[PDB]
Structures are given as C-alpha cells and as structure tokens.
Amino acid sequence: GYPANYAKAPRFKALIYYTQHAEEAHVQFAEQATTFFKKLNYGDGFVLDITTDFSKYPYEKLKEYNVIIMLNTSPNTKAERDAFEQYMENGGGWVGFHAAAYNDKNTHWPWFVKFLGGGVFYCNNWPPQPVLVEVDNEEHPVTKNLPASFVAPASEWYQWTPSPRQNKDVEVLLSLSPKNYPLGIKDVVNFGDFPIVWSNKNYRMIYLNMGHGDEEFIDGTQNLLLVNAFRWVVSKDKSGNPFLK
Amino acid sequence: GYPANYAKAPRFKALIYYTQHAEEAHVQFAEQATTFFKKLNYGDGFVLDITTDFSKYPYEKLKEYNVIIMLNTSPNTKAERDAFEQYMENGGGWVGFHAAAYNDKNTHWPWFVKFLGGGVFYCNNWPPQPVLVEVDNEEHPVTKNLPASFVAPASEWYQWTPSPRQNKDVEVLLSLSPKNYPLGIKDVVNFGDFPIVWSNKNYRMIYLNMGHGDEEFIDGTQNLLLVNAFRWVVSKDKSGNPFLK
Amino acid sequence: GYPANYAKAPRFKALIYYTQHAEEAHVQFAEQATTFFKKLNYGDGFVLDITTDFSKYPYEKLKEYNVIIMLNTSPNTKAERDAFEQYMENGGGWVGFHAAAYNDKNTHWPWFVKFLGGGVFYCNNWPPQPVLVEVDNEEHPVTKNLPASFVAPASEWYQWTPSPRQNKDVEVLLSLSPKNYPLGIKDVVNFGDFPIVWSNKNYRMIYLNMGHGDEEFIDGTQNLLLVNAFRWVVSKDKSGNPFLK
C-alpha cells in the first residue's frame with residue numbers, strides 16, 4: 001500500500017488568540033509563535049484564524065474550532081471565561097503557552113485552576129535562560145521522537161503550588177531538570193518539582209511553560225515538541241482524528 | 001611533529017549551481033546555502049564559483065572543478081545533462097540537496113535515476129517540520145563526529161521508490177527515524193524506509209534530502225553534517241586528497 | 001520553606017572589556033556577546049559596565065567588580081597588565097573568551113601564561129566550523145546540567161603548547177572531541193589534546209575557547225554553558241556568594 005495520505009481540503013479549524021496588553025516579551029513570543037503556526041499552514045493543511053479579541057467568540061462561535069491556541073493570556077471577562085468553559089466541557093481543544101496559565105489570588109476563576117490541574121503561580125527564575133529538560137514519558141505521541149533530555153532555548157520558567165504532578169488526572173510530559181538548581185541570576189529557584197509540559201486528562205488540552213522573548217524558535221528540538229503538542233491535541237478530537245481523512 | 005597543515009594557496013575548485021526558476025522555499029535555501037559555503041571560503045581555502053546558468057558549463061569547463069554543489073535542481077536540457085554525465089563518469093564530484101534529486105515519470109533521464117541509486121520520487125510530508133534523524137554508519141567520515149541521533153531543523157522530506165537502500169552500490173549514511181511516524185499535518189507519511197543522506201559508491205557523490213526554506217542553518221549539528229558531506233566528497237578526488245597538500 | 005530567592009537590589013558588579021582593534025570576526029563576537037550579557041541583566045540582577053578602554057581601569061577602579069568579562073583581547077600595556085595582575089591576585093574574577101587568551105613568543109607577559117595554565121598558542125583550524133565537544137567533568141557547577149556531548153556552533157578553535165590539561169592546577173571542563181580529526185578545510189589540525197573550557201584553580205577564573213563570528217548564540221546548549229561559566233565565577237567571590245543575598 002501507498003504510505004502517504006495527501007489532504008484534499010483543510011483537515012480542521014484552529015483559532016489563535018493572543019493579547020497585546022501584556023509584557024513586551026510575551027507579545028514578542030505571541031507574534032513569532034503566530035508566524036510558526038502560519039508556516040505550518042503553508043498550503044492550507046488546516047484553517048487558521050487569528051484574533052486579539054476573544055470577546056467576539058461566544059461558545060456557539062468557538063464550536064467550529066478543533067483547537068484554540070492561547071499564546072500569552074487567558075479570558076479575563078465573565079462572558080469570555082464562560083464561552084471557554086462551555087467549549088472545553090463539550091470536547092474543545094486547547095494548546096496553552098507560558099502566561100496563558102498564569103493565575104494568582106486575584107484571578108477569581110476556580111474552574112480554570114481546576115482545568116490546569118490545580119496549580120496556582122508560585123515562583124519563577126530570572127533572567128530568562130536555557131535549561132536542561134527531561135522527557136517524563138517516552139511512549140507518548142508528544143515525546144516519542146524527542147531525545148530523553150535536551151537543552152531548551154531561553155525562557156522564564158514557572159513553578160506552581162500545588163505542583164500539577166500532584167493531580168491524579170494530570171500527566172506530566174516534560175520537566176525542567178533538578179540538575180539546573182540553583183536556577184537564576186536575579187531571582188533564584190533552589191528546589192522543588194518543576195514540570196513544564198503537561199496535560200489534564202479530563203480535557204483535550206496541553207500546556208507548555210515556554211513562551212517568553214524573541215528566541216523561542218532557534219532550536220529544532222523545541223520546535224518539534226511544539227509541532228507534536230499541536231498535532232496530538234488536534235488528533236484527539238472526539239468527532240474523529242482529522243489526520244485520517 | 002606539528003599537528004597542523006596550513007594551506008599555502010587554495011586547495012581545490014568548487015562550483016555552486018542553483019536556479020531561480022523554482023518554488024520560493026527552494027530559492028531561499030539555495031541563497032542561504034550559498035552564504036554558508038561563502039563563509040567556508042573566508043580566507044580562500046578553495047576557489048568557489050557560483051552560477052544560476054548550467055548551460056555555460058560543457059564537460060571541458062566542468063573538468064576544472066573538484067566538486068559541483070547543486071542546491072535546488074538538476075540539469076534539464078540534453079546538453080546540460082550530457083556535460084554532467086561526462087563529468088561524473090570521469091571522476092567529478094557532486095553534493096546534491098533536496099529538489100536537486102527530484103525525478104518522476106516525466107524526467108526522462110535514466111542515467112540520473114541510476115546515478116542517484118534508482119530512487120524515483122514516491123511521497124513527502126507537508127508542512128516542513130523538524131524530525132528525529134539517525135546515523136546509519138557511525139564509522140564513516142561524514143558521520144564520525146555526529147551524535148547517533150538528533151533532531152534536524154524543519155524541511156520537507158522525500159521518500160523514493162525503490163528506496164536507495166535497496167541498491168547494492170548505495171551506502172545510506174542518515175535516516176529519518178520511524179519514531180516520527182505518522183509524519184505530517186497536511187500530507188501524512190505513515191510508514192516505509194526513509195533514508196535522507198546517501199552515496200552511490202560508483203561515483204564521488206553525496207545526496208542530502210534537507211534543503212527547504214529560510215531556517216536550514218539554525219542548527220549546529222546539521223551544519224556539521226553539511227561541512228562533513230562537502231569535505232568527504234572533496235577529499236576522495238582521484239588526482240589526490242586536497243587536504244593533504 | 002519557599003524555594004525562591006528574589007533579589008531586592010543588584011547582586012554584584014560586572015565589567016565587560018573588548019577592543020575594536022581586532023579581526024572583524026572577533027569584534028562581531030564581542031558585540032553579540034555584549035547583547036547576550038545585557039539580556040542577562042534585564043531587570044538589573046547585577047550592575048553591568050561596558051568599556052573598550054582598559055587603560056581607564058587601574059586596580060583602584062577594578063576592585064569594585066566581582067568579575068571582568070574579556071571578550072576578544074587581554075591587557076597590552078604594563079600599566080593595564082599590572083592592574084589586572086593585582087586584581088586577580090586579590091580575589092578578582094575573570095571570564096575569558098577565544099582571543100582574550102592568545103599569547104605567543106612576542107607577548108612577554110609570563111604572569112599571564114602562568115595564569116592561563118601554561119599554554120602558549122600552538123595552532124588552529126580554518127575556516128570556523130561546528131565541532132563535537134565533550135564534558136570532561138559532569139559533577140562541576142559549569143557542566144552539571146549540560147549533555148555529556150554536543151555539537152558546539154561554528155568557531156575558529158585553538159590548540160596550546162603545553163596543553164592546559166598538563167597543569168596540575170588546571171581543571172579541564174570541556175574538550176573538542178578527537179572524533180573531529182582531521183579538522184579543517186583550509187588549515188587542518190590532525191591530532192593532539194584539544195581542551196576548550198578550563199579553569200586555573202589558583203584563580204577565580206574560567207576560559208572558553210569559542211568566540212568567533214556572528215553566529216555564536218544560535219545554540220541553546222552553548223548559551224547554557226556561557227550562563228553557567230559566568231554564574232560559577234561570580235558565585236565564588238571570597239566576600240560571599242552573591243546569589244545567597
């Protein structure tokens with residue numbers, strides 16, 4: 001048999017959402033990550049919509065998207081938050097990066113904290129720097145063609161309380177190695193669990209902690225992780241896997 | 001004695017040939033790869049000539065080059081084809097990239113199909129993406145200082161039929177790992193042998209499947225493979241190894 | 001308790017010194033390496049001063065710095081050499097790159113030759129190219145989160161005589177692998193010991209042989225080595241580790 005499946009029309013719809021109302025380093029990442037996903041849509045393998053205004057997307061308009069890619073922020077208004085809740089509870093897809101999972105005592109969105117796996121922002125290192133990362137599960141579609149360990153390019157890295165690993169429904173896929181400790185020049189992280197890529201198995205979602213600055217696409221290994229993360233979430237659609245059409 | 005051999009004059013002549021009559025991503029690679037080889041000639045270690053018109057090179061003018069670097073296409077006219085045939089049959093050198101080996105039912109160049117090792121274009125993945133690659137032979141001068149496996153930067157990757165590995169006179173040096181399967185977002189490759197760097201031992205030649213887009217030089221490991229590929233073909237010259245002068 | 005130490009004010013002072021009176025490739029590295037250290041000082045984790053004139057820094061003014069980063073040259077006048085000698089003998093810190101350690105029969109500075117570990121310039125490869133490098137000691141703070149081996153991005157590489165490894169007081173941390181031999185297109189290095197990152201344990205210092213051209217920051221792994229090198233020299237300040245404040 002022939003080994004290749006050539007698409008006859010776009011396979012699925014993806015929505016990119018990012019804000020300009022964020023730290024310059026987060027806007028820079030969001031703009032370069034948009035270019036990265038646009039390049040993946042050269043030849044129209046899928047339908048890619050880009051927005052800076054999530055208020056135009058109630059649940060009824062979010063339904064058509066296989067996946068939402070949130071590059072630097074999460075919904076802030078009740079209307080936006082409710083739309084995303086209903087979308088995720090009804091089998092929607094999510095690829096979240098860095099500050100898209102940021103939450104503290106002033107977020108007042110317990111559904112989101114639960115959706116992420118319980119982790120509230122705890123600490124971070126400073127300045128952004130490369131780190132040694134480790135694959136927690138080598139048999140997963142996100143990591144099956146990734147080296148067991150590699151140096152990720154420079155980012156600001158976050159710890160959470162409790163660690164998402166403490167959640168029975170969370171599957172941690174990549175972690176920041178404790179061999180990096182003490183980590184930081186300005187703000188130093190000295191210990192603790194440091195997961196950076198995970199999935200809450202109750203939802204069709206993946207979170208990646210990297211997403212800061214203008215140099216997150218200089219590394220082939222991390223770019224492969226991003227392709228793998230996006231592809232896995234898209235393939236898991238309850239209405240069917242789009243790569244089999 | 002002293003461990004270094006300093007050149008007294010340029011060691012050999014190389015010719016770069018690429019076309020502007022190709023997909024923009026093929027011209028982008030060709031332009032960046034030309035810069036890469038120009039940087040290797042800082043200080044004039046060799047003589048590097050660059051052309052976009054192979055019709056100016058009959059066999060008598062190709063004789064003067066140790067190696068021809070074909071970045072994105074192969075000869076298309078009988079005169080150009082015949083010149084390249086005579087050059088390769090008389091001990092000439094070749095470094096071919098990506099679309100320089102492309103051939104199908106409308107090519108009508110059976111010598112070139114044989115020269116490449118028999119492989120006719122079969123399929124490809126889409127869009128371009130990084131992949132896990134594996135060294136087939138770790139003792140070879142092209143791969144002796146390369147990691148056993150690594151993630152190559154983004155490219156469009158080709159399968160051939162029959163696989164060049166099936167030819168007794170071909171030595172496969174690098175392979176796209178089956179751990180990458182299923183490979184593709186638009187056009188998905190699900191199985192089969194996937195050699196990407198090989199040599200037909202009947203000629204002083206090397207083929208590298210990568211060569212697409214404007215980010216093929218972001219990776220030190222793949223840049224080393226390219227230095228190694230070029231150096232190996234040049235060293236094997238029948239009139240003597242230029243690196244020993 | 002809490003795993004993170006957030007700085008309340010800049011932790012230490014660093015001085016960058018580079019010359020414009022050097023090969024362009026050495027000036028290009030120096031300018032990009034200055035940007036790299038400026039990015040490490042985003043948010044003012046430390047105080048970073050930059051100069052092209054070391055004659056403005058007698059010992060009395062050098063004492064205020066935890067570390068001196070020498071990107072492409074060493075002190076050339078007796079006044080500049082005496083200032084640097086007194087600074088290093090009184091517990092000063094040093095991070096040196098590439099041509100900053102260059103010395104030959106016309107240097108007439110035996111203190112510096114001793115400070116470096118005894119190595120006099122012997123030979124080099126040409127043109128600059130990536131190479132397979134190996135970690136010599138995996139337990140050291142400079143290498144504890146680095147892969148055991150990796151391909152470093154393109155640089156011109158130096159051999160010394162005698163090897164710094166022959167010195168009982170020197171700790172070699174990274175080496176250029178002999179698997180790279182024969183190394184070079186123009187100027188070929190065929191054998192010998194090839195250390196590239198080391199420390200003379202009699203001083204608070206680290207030397208890194210890389211530092212040539214405009215593409216030394218394309219690799220996450222080598223960027224981590226540079227962060228690690230800088231952090232380790234700074235952390236060993238006799239007046240106390242600045243990262244524990």
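All chains are named by letter (A, B, ...) in the order of the sequence lines, taking the proteins before the strands, and each is independently numbered beginning at 1.
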Just wondering, do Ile218(A) and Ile218(C) contact through their side chains at under 4.5 Å, heavy atoms?
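Result no, sub-4.5 Å side-chain heavy-atom pair not found.
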
Are the side chains of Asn103(A) and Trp109(A) in touch, meaning some heavy atoms are under 4.5 Å apart?
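Not in contact.
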
Which of residues 183-192 of chain A get closer than 4.5 angstrom to chain C, counting heavy atoms alone?
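Answer by number: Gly184(A), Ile185(A), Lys186(A), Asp187(A), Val188(A), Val189(A), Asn190(A), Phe191(A).
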
Using non-hydrogen atoms only, which part of [X] is less than 4.5 Å away from chain C: side chain, backbone, both, or neither?
{"X": "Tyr181(A)", "result": "backbone"}
{"X": "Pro182(A)", "result": "both"}
{"X": "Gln222(A)", "result": "neither"}
{"X": "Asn124(A)", "result": "both"}

Please verify the inter-ring angle class for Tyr6(C) with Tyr2(C); under 30° counts as parallel, over 60° as perpendicular, anything in between as tilted.
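Aromatic pair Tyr6(C)/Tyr2(C) classed parallel.
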
Classify the angle between the aromatic ring planes of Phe54(C) and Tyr17(C) as parallel (below 30°), tilted (30 to 60°) or perpendicular (above 60°).
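Tilted: the ring planes of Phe54(C) and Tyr17(C) meet at 30° to 60°.
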
Picking from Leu176(C), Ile206(C), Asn209(C), what satisfies side chain to side chain contact (heavy atoms under 4.5 Å, CB included) with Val197(C)?
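Option passing the side chain to side chain contact (heavy atoms under 4.5 Å, CB included) with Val197(C): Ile206(C).
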
Top residue by heavy-atom pair count (under 4.5 Å) with chain A, among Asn223(C), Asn5(C), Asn41(C)?
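Among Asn223(C), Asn5(C), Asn41(C), the one with the most close pairs to chain A is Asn5(C).
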
Using the six-membered ring of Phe112(A), assess whether NZ or CZ of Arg81(A) lies under 6.0 Å from its centre and within 45 degrees of the ring axis.
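The answer is no; the distance or angle limit is not met.
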
Spell out, as yes or no, whether a donor-acceptor pair under 3.5 Å connects the side chain of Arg204(A) to the backbone of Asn66(A).
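Yes.
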
Do any N or O atoms from the side chain of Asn72(C) and from the backbone of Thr19(C) form a donor-acceptor pair under 3.5 angstrom?
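It does hold such a pair.
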
